[PDB]
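A short write-up of the structure that comes next.
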Ligand SMILES: [Zn+2]
Ligand SMILES: [Zn+2]
């Protein structure tokens, strides 16, 4: 019960903070060679797809008005697998289709960020622009300067939250800090299986 | 096949039922709805051997669990009043006697606290309490696969209009019941044909 | 018993109802069940604190069986002898067994522990200048032996051929003989600079077996059994490198002698000038003060009129006090004069390496008298699940005998019946189908048959090569 | 179109070959042979045949002590 | 299983006896609890309105996804004679049984129930200390008698005749011992509620004498299901037939009595378990060396395991045993099939064996996902060995009958063989050998065919 | 639903779709652990009337770390099951609605 009280103490920070209800979430899922690592049962890529399916279900259960698109990073390219729409069934079918294919390649954060920037451009001003990047690898290869992309995302009020799989990547931390107005808490790294479940369940809140 | 839990949220208010008695030709409709509820609970307990019954009353000054009794009250008790005949089935008899005893106690409390008129209906809080009890019976999991069902016996009687403060708690109860797959049946006794929130 | 009321369901138990042992309140953590009838120990592997008891049982007990869930061990005298030798005192074993068992340790089991553990290390066999001396630290133990008196601080010389009789007689008495070689403190025998090459890695089960052999810092004569291909030869090399004395190795075949010489010159830093082979072609011995000699059981134990060179080499082997003997395939040691190779060679430490420690006669139980106690059992499922040995799918194909073949099977003598049940055509069809199926899978297949005529007939019918005794080399 | 008192038995050719030696040993075991799988055992000894069959096949079964 | 057996027994009850059975409200309530949920829903919606309800209206209740189940419910109400059909105005009108409806309404609302639920005498004892112990004592006594273990106390001759005249538990007087049948080991398999039900329906099958009335037995069984444990009830409401069969279950263990022919009787836990239900003891570990480590301390599980396991040692927790060839031969000589033994070993399997089988199947699916395999909780080697011992028991099967041969014409042989095939008694025929064989029961038919 | 209208580019939502996100706008304050020495209002729970147990963690624990969770407005007592159920599935305190405001 002392550990339970420490758990209860962390819940004492209750504030009626204003949150963006209407959201336009872009889920970026890694599909690289590092997705073939078997530290996560049974492989990394299948678990991320299944938990993304569960995340889509929970997000559309709790945020119905919010729209969502799915982008993967594969072979150095950003592949948009489901357009930004309010129907969760299309995203579920897209994730089920991606589950069959084998991940490969060296991921490109800049290509995914540019594709999401193109996707979030017709989003209205009242609808918040958020990107969720499930980054599995530790290094990324970009065709250009990623700092210009970060500055453009900051100028377009797009907030990026990155869940990393292996370690704390500096460019992801810098991107989260720049997009979240200096908040370094939006870069999250798991510890075990249930921590990944908790981190996926944390992102459904606005 | 699978036993279920019937949680009854009855809205007994002395102001609400008096308006229904004045509008109707008959008087004392509380007794009629109570005995109909008692026969319905005996019917539900006859459906399966392992089903359970919860009854919660929402009165003017708050809510109170009619059945089962409070564990402090159960430990304190037992004056077997003769409201219900003792020759019936004991499983029905215990539930009926407990229910009518708690009706007696709650109406004595209402008679004692009749001087204060409350403008805050407690039906939504009673539904929330019933949902907590339903989760407890599911969470407790003493019995495999208990299912569940809320039944709200409310009365409008053409006096209580639509209550805008109830909107968010009723919606939250809807989402909670959808999460736990608990159907909510509603019986409304009164002249108001349309009740938008309960519909 | 403990005044336990007998239930009607205990009728068919032949005094094996152990319900009088009161169950402990904290039993669920304890993974053992001690049977007072025979000292048999029942271990649950799936519980916590199982391996911390499994090492204790494999040090103090002999495993009867090791299935997946429930393991069955035997508390025996020889296991307790190795238990006390590696430094486990008597009270520690009783305290740990009391702490790690659900049922209480019965007084019969405790008395067995005291009886087998005490009176150990009293009588010792030592070798001084190629002469066997039995030695005891207490005086009256010499005077209580008046039956098997083979006499020829407190010690008397026994004959070299009579050492086995002394070991049997002292095992019958409550004073078992201690056979340990203190090679660290032994200076009469000249040392060897033999040591393992740094590039050679040793697997953990081999390390565990050698820790059973060299637990107390003194080499203990005994038997090690490992699966074929698990590296028993490397265990022999490492034991020779640990003792660092003159080594004699006995094998069953000349090709085994060649393989042992190759393994010695490969895994350890032994020069070929320190290695000698006693075979028919090669009879030159090493000229140094210490070294390795490898030979066969048959030539060493040859009672026939051997050649002059072989007689000179045998005189060299007998007149030299050896510090270590490695008996490969020790299951053939209990034979008639393969038994005598421990008598004709004065060796301080005797390690018997085998894979098949069974014989159809009871003389396989004589190796504790010949070599020493069974030091280590390899768990073949534990090695198979770690990839050290193959995961074999053992099977037994039932081939029905045909009508005309089975009629002749019953009207015949057993010697002809043996030939007749081999050559049933359904076995031909089954063998042909299995050969075809496993050849399509791309498998190297060996078909074993002890009958030479059946081997030739199957090979001629199926168009495959056959190898038997009369085939040229 | 005549009637006898016998019992028809189903067996594999191995057991068929086994019970003919029972006929060669004891006369009143089988009356006549029908097929390679159907035999006609006298019903007064069938259980006795059973009582020897497991005894006859006991030599093919290894029983640990 | 359980509901099907009592449903089929109530089908065999005649309609007038069935309507006479609906007098007591407790019987009607206990019968109503057996019905399917759609049938129970239709009955409960149909009791409180006195007017008859059309069948087409009941058809509109059910959605298209459960319509077939609706028919099944109707079939149950077409089997138990609760719904009376009527042909009126071109419609198949449905009316409720009046006695059943009145008794169910009296059970629900309360009123005239003619003491069908008994009267509480307010004097009581501890259920777990005495009532659970007495019922378990009698049940363990009869079960230890029927499994064949020696007992210092044997049950009375009322249940010995019950076991003798039943299909299970055959008895022989030439030796002096009792032989368990296949149905006996079947009875040891399922849970105790349907065991009690099978026993009670067999007792109902035996009762034909004028000493005992069938409707009173059914009423008493259903009110015993209605009675609650921990409170005694008075004997005065029962008849003398009900009194002697109350003494019969006092011997059997469904009811407790302080003394013989007492004024009160105590219901047991088996009375409430008669209606519906609600590592463990007897959990076992099977290894490749046929060693059984059965975590059992109750003598019942040890006794039923001794039927096919050569027991070696007994601890407080398990019984160290081994599945030997001789023990399985003992089990098969009692008619206990190998499938029953394998099912028993599956149902009592340890959770650790289940975890190992789950891990093996998880390694299998990630290796060969093209095919799916059943969860073999116990090793397949011992299953194959059990089935092999079953096969070596039945290497020969002996059919006794008559063989007809010595036909001078093939047409007569063909006519007799096709007649024997038409009457379904032929087992083998051959025109080349001119022989055809018939069974023992089919001899006389061919005899009167040939003689006439 | 909820989707944009394909014929006039208008959002089409229900009342429940707006209702699903109200609980973020007025989240409940977390319930406070009751003191051990403080006199408890009810021996059982309020939301589900579960009896709070003897709660003797050790031999002389008495009612230490009592499972009642006092609300900040209605001061009602909730067990740990009710506390985690309101933190996960419900989003409204029954005691705050039973109060006759
Ligand atoms: Zn609660
Ligand atoms: Zn509150």
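Positions of Cβ are backbone-derived with ideal geometry, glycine not excepted, and every protein chain shown enters the neighbour counts. No lab work stands behind these numbers, since they all come straight from the coordinates.
For the peptides B:104-117, E:313-326, C:331-344, the ranking by mean Cβ contacts within 10 Å, running from highest to lowest, is E:313-326, C:331-344, B:104-117. Peptide E:318-324 has a mean shielding of 3, counted as Cβ atoms of other protein chains within 10 Å of each residue's Cβ.
A viscosity of 0.692 mPa s and a temperature of 37 °C, combined with the Kirkwood radius over Cα pairs in Stokes-Einstein, give a translational diffusion coefficient for chain D of 259 µm²/s. Across region C:171-270 the C-alpha pair distances fall into 10 Å bins from zero in the proportions 13, 42, 34, 9, 1 percent. Against the compact-protein benchmark of 2.2 N^0.38 Å, the Cα-based radius of gyration of chain A scales to 0.99.
Rg over Rh for the protein assembly as shown works out to 1.03, using Cα positions for both radii and the Kirkwood form for Rh. Between residue C:228 and residue A:178, the C-beta separation translates, for a Förster distance of 56 Å, into a calculated FRET efficiency of about 0.30.
Helices in chain C, meaning DSSP H runs of at least 4 residues, each add -39500 (n - 2.57). Divided by all residues, the mean residue ellipticity at 222 nm is -10000 deg cm²/dmol.
Only Cα pairs under 8 Å and 6+ residues apart enter the sum, and on that basis the relative contact order of chain D stands at 34 percent. Normalised by the number of residues in chain A, the average gap of Cα pairs under 8 Å and 6 or more apart makes the relative contact order 23 percent.
Per-residue mean of foreign Cβ neighbours for C:2-11 is 4 (Cβ atoms of other chains, 10 Å radius). Across region C:237-382 the C-alpha pair distances fall into 10 Å bins from zero in the proportions 10, 43, 35, 10, 1 percent.
Quick one: pull the percentage of alpha-carbon pairs in region B:70-134 with a separation above 19 Å. Value for region B:70-134: 54 percent of Cα pairs lie more than 19 Å apart. Once the convex hull of all Cα atoms in region B:102-199 is built, its volume per residue stands at 125 Å³. P(r) tail, region B:23-86: Cα-Cα pairs separated by more than 13 Å, 77% of all pairs. Extending 7 Å from Cα along the Cβ direction at residue A:54 and again at residue B:50 yields two label points whose distance is 2.8 nm.
Only beta bridges with both residues in region B:51-191 are counted; by DSSP, about 45 percent of them are antiparallel.
Taking every alpha-carbon pair under 8 Å whose residues sit at least 6 apart, region E:348-434 reaches a relative contact order of 21 percent.
Highest mean packing comes first when the peptides E:386-395, B:119-128, B:18-27, B:133-142 are listed by Cβ atoms within 10 Å, giving B:119-128, B:133-142, E:386-395, B:18-27. Neighbouring Cβ atoms from other chains, within 10 Å of the Cβ of residues in D:46-53, number 2 on average. Name the shape class, rounded, prolate or oblate, that the alpha-carbon gyration tensor gives for region E:281-416, where a ≥ b ≥ c are the square roots of its eigenvalues, rounded holds for a/c under 1.5, and otherwise prolate holds if a/b is larger than b/c and oblate otherwise. Cα axes put region E:281-416 in the oblate bin.
Normalised by 2.2 N^0.38 Å, where N is the number of residues, the C-alpha radius of gyration of chain F stands at 1.55.
How big is the gap, in Å, between the Cα center of region E:275-300 and the Cα center of region F:13-70? For region E:275-300 versus region F:13-70, the Cα centre distance is 42 Å. Rounded to the nearest 500, the helix-only mean residue ellipticity at 222 nm of chain B stands at -14500 deg cm²/dmol, with each DSSP H run of n ≥ 4 adding -39,500 (n - 2.57). Averaged over residues, the count of other Cβ atoms within 10 Å places the peptides C:98-105, C:349-356, C:159-166 in the sequence C:349-356, C:98-105, C:159-166, highest first. Summary of the geometry: region E:164-191 and region D:12-45, compared by the centres of their Cα atoms, lie 33 Å apart. Projecting the alpha carbon convex hull of region E:94-184 along each direction and taking the average yields 11.6 nm².
Its Cα gyration tensor gives region C:48-149 an equivalent ellipsoid, and the semi-axes of that ellipsoid, as √(5λ) in whole Å with the largest first, are 34, 16, 12.
Against the compact-protein benchmark of 2.2 N^0.38 Å, the Cα-based radius of gyration of region E:264-359 scales to 1.28. Using just the C-alpha positions of chain E as equal point scatterers, what log10 of I(q)/I(0) does the Debye formula give at each q in 0.09, 0.10, 0.13 1/Å? Result of the Debye calculation: -0.87, -1.01, -1.21. Each helix, a run of at least 4 DSSP H residues, gives -39500 (n - 2.57); summed and divided by the residues of chain E, these come to -14500 deg cm²/dmol at 222 nm. Reducing region E:25-78 and region B:54-99 to their Cα centroids gives an inter-centroid distance of 31 Å. Strictly greater than 41 Å: what percent of every Cα pair in chain C meets that? Taking all Cα-Cα pairs of chain C, the fraction more than 41 Å apart is 33 percent.
For region C:364-473, a Kirkwood radius taken over Cα pairs fed into Stokes-Einstein (25 °C, viscosity 0.890 mPa s) yields D = 137 µm²/s. Please work out whether region B:4-199 counts as rounded, prolate or oblate from its C-alpha gyration tensor, where a ≥ b ≥ c are the square roots of the eigenvalues and a/c under 1.5 means rounded, while otherwise a/b larger than b/c means prolate and anything else oblate? Oblate, since a/c reaches 1.5 and b/c is not below a/b.
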